[PDB]
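A.B. asks: Protein chains in written order, with the authors' numbering: chain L4, 312 to 362; chain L6, 2 to 109, 129 to 176; chain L7, 23 to 244; chain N8, 2 to 149; chain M8, 2 to 186; chain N1, 108 to 160.
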Amino acid sequence: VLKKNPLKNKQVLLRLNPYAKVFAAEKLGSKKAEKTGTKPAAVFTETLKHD
Amino acid sequence: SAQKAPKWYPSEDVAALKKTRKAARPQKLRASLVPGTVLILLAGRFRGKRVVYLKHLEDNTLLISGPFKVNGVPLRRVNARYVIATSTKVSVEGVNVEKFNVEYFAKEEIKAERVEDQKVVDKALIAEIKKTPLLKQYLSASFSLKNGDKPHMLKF
Amino acid sequence: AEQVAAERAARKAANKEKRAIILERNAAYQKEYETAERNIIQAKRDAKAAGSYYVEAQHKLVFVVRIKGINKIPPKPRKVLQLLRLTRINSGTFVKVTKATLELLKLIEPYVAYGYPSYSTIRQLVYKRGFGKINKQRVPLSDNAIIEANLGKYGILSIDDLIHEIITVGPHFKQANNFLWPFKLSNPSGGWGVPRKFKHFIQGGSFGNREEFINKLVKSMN
Amino acid sequence: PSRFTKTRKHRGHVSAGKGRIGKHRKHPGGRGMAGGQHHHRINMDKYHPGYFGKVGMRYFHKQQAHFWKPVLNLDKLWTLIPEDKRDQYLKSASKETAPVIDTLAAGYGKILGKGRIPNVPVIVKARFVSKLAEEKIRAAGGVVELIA
Amino acid sequence: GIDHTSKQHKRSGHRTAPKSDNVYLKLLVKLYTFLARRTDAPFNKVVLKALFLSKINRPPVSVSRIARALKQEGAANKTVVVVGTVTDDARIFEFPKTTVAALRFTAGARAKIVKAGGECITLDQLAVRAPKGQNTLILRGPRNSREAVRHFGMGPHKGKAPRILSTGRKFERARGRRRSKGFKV
Amino acid sequence: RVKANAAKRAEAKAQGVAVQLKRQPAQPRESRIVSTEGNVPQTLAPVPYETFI
RNA sequence: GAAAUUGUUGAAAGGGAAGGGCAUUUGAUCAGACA
RNA sequence: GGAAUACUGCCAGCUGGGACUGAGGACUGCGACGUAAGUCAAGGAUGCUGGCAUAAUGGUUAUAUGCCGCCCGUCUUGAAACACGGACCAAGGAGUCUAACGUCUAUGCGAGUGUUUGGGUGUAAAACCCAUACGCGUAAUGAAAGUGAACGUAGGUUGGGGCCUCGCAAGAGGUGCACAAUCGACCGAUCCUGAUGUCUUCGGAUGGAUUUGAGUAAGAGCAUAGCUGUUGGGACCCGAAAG
RNA sequence: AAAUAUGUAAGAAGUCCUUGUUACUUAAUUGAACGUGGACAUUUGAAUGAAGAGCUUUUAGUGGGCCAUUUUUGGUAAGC
Ligand SMILES: [Mg+2]
Ligand SMILES: [Mg+2]
Ligand SMILES: [Mg+2]
Ligand SMILES: [Mg+2]
Ligand SMILES: [Mg+2]
Ligand SMILES: [Mg+2]
Ligand SMILES: [Mg+2]
Ligand SMILES: [Mg+2]
Ligand SMILES: [Mg+2]
Ligand SMILES: [Mg+2]
Ligand SMILES: [Mg+2]
Ligand SMILES: [Mg+2]
Ligand SMILES: [Mg+2]
Ligand SMILES: [Mg+2]
Ligand SMILES: [Mg+2]
Ligand SMILES: [Mg+2]
Ligand SMILES: [Mg+2]
Ligand SMILES: [Mg+2]
Ligand SMILES: [Mg+2]
Ligand SMILES: [Mg+2]
Ligand SMILES: [Mg+2]
Ligand SMILES: [Mg+2]
Ligand SMILES: [Mg+2]
Ligand SMILES: [Mg+2]
Ligand SMILES: [Mg+2]
Ligand SMILES: [Mg+2]
Ligand SMILES: [Mg+2]
Ligand SMILES: [Mg+2]
Ligand SMILES: [Mg+2]
Ligand SMILES: [Mg+2]
Ligand SMILES: [Mg+2]
Ligand SMILES: [Mg+2]
Ligand SMILES: [Mg+2]
Ligand SMILES: [Mg+2]
Ligand SMILES: [Mg+2]
Ligand SMILES: [Mg+2]
Ligand SMILES: [Mg+2]
Ligand SMILES: [Mg+2]
Ligand SMILES: [Mg+2]
Ligand SMILES: [Mg+2]
Ligand SMILES: [Mg+2]
Ligand SMILES: [Mg+2]
Ligand SMILES: [Mg+2]
Ligand SMILES: [Mg+2]
Ligand SMILES: [Mg+2]
Ligand SMILES: [Mg+2]
Ligand SMILES: [Mg+2]
Ligand SMILES: [Mg+2]
Ligand SMILES: [Mg+2]
Ligand SMILES: [Mg+2]
Ligand SMILES: [Mg+2]
Ligand SMILES: [Mg+2]
Ligand SMILES: [Mg+2]
Ligand SMILES: [Mg+2]
Ligand SMILES: [Mg+2]
Ligand SMILES: [Mg+2]
Ligand SMILES: [Mg+2]
Ligand SMILES: [Mg+2]
Ligand SMILES: [Mg+2]
Ligand SMILES: [Mg+2]
Ligand SMILES: [Mg+2]
Ligand SMILES: [Mg+2]
Ligand SMILES: [Mg+2]
Numbered sequence: 312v313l314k315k316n317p318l319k320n321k322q323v324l325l326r327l328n329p330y331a332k333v334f335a336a337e338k339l340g341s342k343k344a345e346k347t348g349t350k351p352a353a354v355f356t357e358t359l360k361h362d
Numbered sequence: 002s003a004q005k006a007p008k009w010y011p012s013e014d015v016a017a018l019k020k021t022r023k024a025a026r027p028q029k030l031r032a033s034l035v036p037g038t039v040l041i042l043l044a045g046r047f048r049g050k051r052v053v054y055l056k057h058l059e060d061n062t063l064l065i066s067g068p069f070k071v072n073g074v075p076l077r078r079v080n081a082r083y084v085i086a087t088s089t090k091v092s093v094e095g096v097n098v099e100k101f102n103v104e105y106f107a108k109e129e130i131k132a133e134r135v136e137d138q139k140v141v142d143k144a145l146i147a148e149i150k151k152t153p154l155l156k157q158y159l160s161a162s163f164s165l166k167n168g169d170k171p172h173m174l175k176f
Numbered sequence: 023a024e025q026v027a028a029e030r031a032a033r034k035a036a037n038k039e040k041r042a043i044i045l046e047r048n049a050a051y052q053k054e055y056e057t058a059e060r061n062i063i064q065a066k067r068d069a070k071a072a073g074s075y076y077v078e079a080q081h082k083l084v085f086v087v088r089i090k091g092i093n094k095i096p097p098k099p100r101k102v103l104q105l106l107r108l109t110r111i112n113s114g115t116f117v118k119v120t121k122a123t124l125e126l127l128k129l130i131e132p133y134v135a136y137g138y139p140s141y142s143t144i145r146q147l148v149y150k151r152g153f154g155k156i157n158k159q160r161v162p163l164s165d166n167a168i169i170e171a172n173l174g175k176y177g178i179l180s181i182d183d184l185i186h187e188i189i190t191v192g193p194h195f196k197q198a199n200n201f202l203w204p205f206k207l208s209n210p211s212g213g214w215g216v217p218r219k220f221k222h223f224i225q226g227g228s229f230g231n232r233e234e235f236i237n238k239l240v241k242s243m244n
Numbered sequence: 002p003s004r005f006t007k008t009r010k011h012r013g014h015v016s017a018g019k020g021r022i023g024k025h026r027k028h029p030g031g032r033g034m035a036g037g038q039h040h041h042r043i044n045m046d047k048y049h050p051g052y053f054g055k056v057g058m059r060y061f062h063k064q065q066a067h068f069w070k071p072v073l074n075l076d077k078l079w080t081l082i083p084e085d086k087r088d089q090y091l092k093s094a095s096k097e098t099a100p101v102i103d104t105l106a107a108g109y110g111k112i113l114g115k116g117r118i119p120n121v122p123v124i125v126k127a128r129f130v131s132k133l134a135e136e137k138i139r140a141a142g143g144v145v146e147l148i149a
Numbered sequence: 002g003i004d005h006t007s008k009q010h011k012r013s014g015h016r017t018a019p020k021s022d023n024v025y026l027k028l029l030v031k032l033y034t035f036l037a038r039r040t041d042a043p044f045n046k047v048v049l050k051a052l053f054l055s056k057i058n059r060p061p062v063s064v065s066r067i068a069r070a071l072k073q074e075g076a077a078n079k080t081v082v083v084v085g086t087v088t089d090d091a092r093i094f095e096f097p098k099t100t101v102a103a104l105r106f107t108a109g110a111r112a113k114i115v116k117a118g119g120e121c122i123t124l125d126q127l128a129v130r131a132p133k134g135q136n137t138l139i140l141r142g143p144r145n146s147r148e149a150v151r152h153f154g155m156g157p158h159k160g161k162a163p164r165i166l167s168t169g170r171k172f173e174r175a176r177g178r179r180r181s182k183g184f185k186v
Numbered sequence: 108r109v110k111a112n113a114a115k116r117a118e119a120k121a122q123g124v125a126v127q128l129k130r131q132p133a134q135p136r137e138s139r140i141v142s143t144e145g146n147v148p149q150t151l152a153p154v155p156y157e158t159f160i
């Protein structure tokens with residue numbers, strides 16, 4: 312009789328999609344990606360800053 | 002007959018209500034409303050009166066008093082959304098106030133108990149007020165908007 | 023007569039399995055998506071390290087909004103706008119990109135705005151404005167059994183299964199996407215950018231492929 | 002009756018449902034069957050091919066009566082025997098005694114041969130017969146006796 | 002607005018009760034729309050519609066057309082249903098037994114059937130014996146044997162019979178009906 | 108195409124299924140890594156107005 | 001004993017027509033529902 | 001070398017102010033929180049408090065004020081038109097009835113149908129009853145003389161609802177009315193063919209043909225009634241100059 | 001020799017095997033047409049859509065048109 316927005320009614324959010332509970336519990340929406348440091352070839356940098 | 006009469010009548014059975022889902026949960030008050038805080042009364046009989054806040058009652062109202070001997074306002078209920086909570090604050094650790102609830106204002129002039137309750141509270145408070153100079157005078161004088169005052173700007 | 027709780031038991035328990043299945047499935051896709059996204063990120067970087075260039079695959083899925091009202095429209099575009107189910111302004115549908123639809127898009131550019139939608143805007147499109155076609159009618163999604171009922175034949179028994187089919191352009195995208203009733207957006211909240219809609223995006227207008235800038239818009243209309 | 006009629010419904014609309022432009026006027030195409038060969042020829046050839054001009058012989062003072070001659074096919078035939086009597090003759094199909102049917106007395110003038118009669122013998126009295134009728138009749142061991 | 006792609010507020014175009022005003026007809030319909038809603042048997046669904054049919058879409062099935070249908074291979078014991086009147090036909094000389102279930106039987110038909118020791122059943126008696134229409138053989142009559150349809154599609158080279166009152170030589174057999182008078186058809 | 112569709116089918120069926128023999132439109136192309144090695148980018152700009160005539 | 005149209009009485013409004021629509025002030029006037 | 005920050009994007013991160021709405025009316029669903037009992041914001045508002053209990057709210061009306069609003073009817077591509085009729089008001093004031101019809105529909109009976117020219121009868125223009133004919137239908141085709149509808153289970157083929165059989169089901173087969181397509185057979189016309197025979201010119205079997213018919217091929221009509229349509233009638237109403 | 005327009009095709013009324021009918025046709029049971037019997041199901045044969053599709057009867061009004069972008073004829077031109 313009345314459509315309820317999962318995006319802003321936590322109950323039906325958890326009704327569709329049970330993963331919402333664990334997503335939120337594991338923050339997950341702010342995941343810290345692996346810190347790696349590959350550096351680009353000077354080819355790349357040269358031609359980026361070329362004329 | 003003047004008019005035929007229908008083939009169908011309504012039942013006159015009232016239905017029952019659907020079982021509603023509306024829990025009465027408690028009113029958390031805005032942070033500026035701690036007891037001891039001085040309120041400006043925005044409306045009502047004692048509008049623009051400056052007044053000490055004492056207790057949050059169970060009907061959400063606020064218990065205030067003048068004190069009565071200062072500015073003539075008695076122990077009273079006031080509605081939180083008609084009230085500017087100032088930033089100036091008396092301690093209220095010496096004011097009992099337990100006694101005071103909704104039933105205490107059951108309509109049903130003035131009861132001697134009220135007149136005495138008023139005195140016991142007000143004395144604790146006055147004792148306190150006197151600690152900070154000019155507060156009493158403050159408390160005893162109506163607030164108003166002076167030309168140029170811009171509420172959405174002033175700090176209270 | 024039993025049943026009371028007896029066949030209430032046969033079912034609530036049965037319902038519980040089904041959620042578990044969804045719980046592990048939606049947990050799956052989360053992995054699916056992250057490591058997909060990350061792999062591309064690492065692709066780019068790996069190729070730069072190597073003095074090369076990682077050119078992403080072209081997008082296989084777009085999202086079209088009809089942007090033009092209903093009158094004064096040539097017949098060829100018209101038909102197409104119907105076949106893509108855009109028959110009123112600000113309504114939108116998903117389209118799988120191949121040569122044979124790509125041309126269709128080409129044909130209606132003056133009248134639409136379209137682009138590559140993100141996971142985020144497909145999710146919020148589906149969660150809020152997403153309705154099924156069920157012996158016609160157009161039924162809100164809002165419970166997962168509505169989907170399993172009609173889309174379950176194809177795998178697909180949750181609102182997130184739906185989203186997952188769309189975004190990855192699954193083997194059963196036709197059924198999954200046709201099931202979706204044309205989304206009905208409001209006009210953009212922020213406004214349109216632009217003072218005139220009916221030039222191409224590129225010329226300061228609103229229509230055409232505007233690529234990843236389609237999410238900014240759709241969100242303001244969803 | 003008038004109350005069910007569409008002029009009741011047109012009351013209050015100007016043109017009585019016959020157009021503002023092209024009115025309802027007296028006789029636009031002419032009267033009657035006017036123009037059959039001119040402005041009404043498309044309707045005539047198509048819908049009435051054959052209409053204009055002549056064929057065959059005139060016959061002055063033709064008297065339909067002369068040619069009176071209703072057909073009855075074998076198709077019925079057994080109908081001209083009353084039911085009761087009929088069943089009685091079907092069973093006991095035989096020379097020596099077979100039913101006499103005066104088809105003139107039933108007011109037909111020719112027996113034609115539409116389709117199958119059981120093998121029972123009939124004696125059939127008629128003014129005329131198709132070759133087939135008379136053939137099919139003998140094939141059941143009946144005959145045709147010519148009357149008038 | 003909506004670029005419509007289909008005419009709005011369209012009526013499905015199917016009779017949905019009969020136009021007839023007969024109590025009894027309405028009751029038979031009461032019977033069968035119940036059976037059609039609660040028996041998933043296609044027969045009940047077909048019969049319900051046939052009851053709405055106007056007189057024309059209900060040509061009379063004959064007793065001889067009935068007798069033939071029973072000479073169908075493996076069909077001689079079936080009960081023929083006819084949603085309409087059933088007429089007699091002197092042209093058949095031998096009639097089977099069986100059980101015809103119908104709206105009306107003419108005097109001659111009901112006799113012929115009963116004379117060979119058959120049964121004439123009304124559709125509602127038919128229902129009580131065959132609620133799923135078991136073992137029934139539905140027949141319909143010739144719709145396009147009507148005189149009217151002769152004249153449908155009248156035009157050049159269609160061969161369809163003039164709407165004509167008097168007929169004979171010199172009633173529409175000349176110019177445009179033969180090579181020697183203008184042209185032909 | 109039929110003659111061939113009959114082939115790929117028999118060739119499949121009596122092996123261990125997996126067919127796919129409807130036609131499909133041009134798919135968009137996939138990812139790819141273009142190398143620079145042998146082929147650094149040359150940089151063009153636009154050219155001025157001229158008249159040759 | 002209608003209407004056009006008229007006299008009187010009462011009330012109103014009126015800076016080169018009048019009448020109308022949405023809305024509310026103001027005056028006048030009134031139904032219902034309370035128990 | 002190591003940070004920051006901007007920019008863009010994400011979060012099923014938290015959170016404040018404001019507005020409109022509160023359809024529904026026992027329960028039934030999907031859920032959420034809880035060790036649990038319970039609880040809940042989970043298939044649509046309840047709780048608490050006050051004021052009035054009447055012109056207070058509301059309706060009607062006149063006026064005032066803001067914005068807006070050209071005279072309707074008509075013919076026209078286009079009218080508020082410097083196009084026409086209309087000063088005002090009442091009362092009359094225009095698609096009818098009839099003969100014969102098409103399509104559709106309802107009803108009666110059905111290879112038939114139609115009592116009402118007439119007769120009988122009557123509580124008298126009614127109602128009730130009826131013999132003989134007639135009409136239309138049940139046969140067509142030829143200008144005519146004239147001839148006249150089964151090779152066959154009243155045909156083969158393809159689709160076909162429904163039904164029948166098998167199968168738990170999906171499906172598979174059997175039969176298949178209406179209807180549609182297609183190829184054939186039958187009757188008349190036309191044109192070939194011309195047996196047995198003959199009051200030697202009659203007779204016309206039989207088998208055929210890019211021909212042809214408003215035909216056969218297990219009948220569908222007859223009658224009353226209605227809306228719409230058709231023709232003739234003063235013919236929707238008013239109108240000539242004329243004869 | 002374009003662009004725009006435009007014909008057909010994308011299967012069950014389909015493809016393959018076996019070998020019947022005739023007065024047509026072949027030097028020829030050769031062919032042509034129509035068949036009987038057998039082999040293979042929905043990735044059965046591109047996309048997108050499909051408030052379904054097909055069919056039948058009868059009848060109104062209408063048969064002065066005007067405008068805009070583009071193509072365009074006559075005219076110096078025109079609110080032609
Ligand atoms: Mg509750
Ligand atoms: Mg709170
Ligand atoms: Mg004082
Ligand atoms: Mg699409
Ligand atoms: Mg915004
Ligand atoms: Mg704004
Ligand atoms: Mg903003
Ligand atoms: Mg502008
Ligand atoms: Mg929004
Ligand atoms: Mg009439
Ligand atoms: Mg009347
Ligand atoms: Mg009426
Ligand atoms: Mg009307
Ligand atoms: Mg009216
Ligand atoms: Mg009108
Ligand atoms: Mg009309
Ligand atoms: Mg007029
Ligand atoms: Mg004539
Ligand atoms: Mg006959
Ligand atoms: Mg006939
Ligand atoms: Mg000719
Ligand atoms: Mg008088
Ligand atoms: Mg007044
Ligand atoms: Mg007003
Ligand atoms: Mg309510
Ligand atoms: Mg309610
Ligand atoms: Mg009072
Ligand atoms: Mg009152
Ligand atoms: Mg009051
Ligand atoms: Mg006024
Ligand atoms: Mg104005
Ligand atoms: Mg005019
Ligand atoms: Mg003019
Ligand atoms: Mg003018
Ligand atoms: Mg004039
Ligand atoms: Mg005048
Ligand atoms: Mg007037
Ligand atoms: Mg009048
Ligand atoms: Mg009497
Ligand atoms: Mg008399
Ligand atoms: Mg009598
Ligand atoms: Mg007599
Ligand atoms: Mg006759
Ligand atoms: Mg006839
Ligand atoms: Mg002769
Ligand atoms: Mg004749
Ligand atoms: Mg064949
Ligand atoms: Mg079958
Ligand atoms: Mg078969
Ligand atoms: Mg012939
Ligand atoms: Mg001829
Ligand atoms: Mg005829
Ligand atoms: Mg007339
Ligand atoms: Mg005169
Ligand atoms: Mg005169
Ligand atoms: Mg004269
Ligand atoms: Mg094309
Ligand atoms: Mg589809
Ligand atoms: Mg549909
Ligand atoms: Mg028409
Ligand atoms: Mg017309
Ligand atoms: Mg016309
Ligand atoms: Mg005209």
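Built from N, CA and C at the ideal position, the CB exists for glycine as well.
(1) Near ligand 9, which residues have their beta-carbon closer than 7 angstroms to a heavy atom?
(2) Output yes or no for whether 8 angstroms exceeds the beta carbon distance between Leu145 (chain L6) and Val53 (chain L6).
(3) Tell me the rounded alpha-carbon separation between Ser138 (chain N1) and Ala65 (chain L7).
(4) Please list the residues of the segment 131 to 155 of chain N1 that have a C-beta atom closer than 7 angstroms to any C-beta atom in chain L4, keeping them in chain order.
(5) In whole angstroms, give me the CA-to-CA distance for residue 246 (chain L7) and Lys90 (chain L6).
(6) Per DSSP, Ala103 (chain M8) is paired with what?
(7) Tell me whether the segment 138 to 153 of chain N1 and the segment 65 to 77 of chain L7 touch, counting them as touching only if at least three CB pairs, one residue from each stretch, are closer than 8 angstroms.
C.D. replies: Judging by the given coordinates:
(1) Every residue passing the under-7 angstroms Cβ criterion appears here: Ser208 (chain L7), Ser211 (chain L7), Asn244 (chain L7).
(2) With contacts defined as CB atoms closer than 8 angstroms, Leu145 (chain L6) and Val53 (chain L6) qualify as a contacting pair.
(3) Roughly 10 angstroms separates the two Cα atoms.
(4) Answer in chain order: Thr143, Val147, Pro148, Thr150.
(5) Because chain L7 in this structure spans residues 23 to 244, residue 246 (chain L7) falls outside the shown range and cannot be described.
(6) DSSP lists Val83 (chain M8), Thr123 (chain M8) as the bridge partner or partners of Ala103 (chain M8).
(7) Taking 8 angstroms as the limit for Cβ pairs, the verdict is that the segment 65 to 77 of chain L7 does touch the segment 138 to 153 of chain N1.
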